[PDB]
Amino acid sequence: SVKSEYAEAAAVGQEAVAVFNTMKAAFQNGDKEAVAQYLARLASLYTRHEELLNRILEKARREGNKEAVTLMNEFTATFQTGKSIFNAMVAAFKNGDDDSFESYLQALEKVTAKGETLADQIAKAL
């Protein structure tokens, strides 16, 4: 069902949180070889999550589930805010700009934290 697909997409989101928090510890420790690998792992996790959410949104549209479509449009817009902040963070790591990396990291934590009430609303709506 779309609801079990949403549980699967959500688990992937939680994998990214786990990897992201491990990556923040590596960044703080200056272990850039680990950070590089966690940033590759996070990209693949975000590209997977993004595609799965798009399938959920498209299914909700085909089902005519107007409330789920509304909430999924709001969430997939915010997902792009997070994804943009992540990509800037990757660029800061490439450029050796730890100040920008720190900044983008906190922004990505706050963007994610904000979008959690809506993430849990979508589970109940589908």
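In this text, residue numbers run from 1 along the sequence as written. Take the two forms, find the largest set of C-alpha atoms that superpose within 1.5 Å, and that set is the rigid core.
When the other structures are laid on the shown form by the core, the C-alphas of 112 to 120 and 19 to 27 differ in how far they drift in 9 other deposited structures of this protein; the larger average drift belongs to 112 to 120. Judged by mean Cα B factor in the deposited record, 94 to 102 ranks above the other of 52 to 60 and 94 to 102. Comparing the deposited coordinates for 13 to 21 and 105 to 113, the stretch with the larger average C-alpha B-factor is 105 to 113. Annotation for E33: CA B-factor lies in the highest third of the chain's modelled residues.
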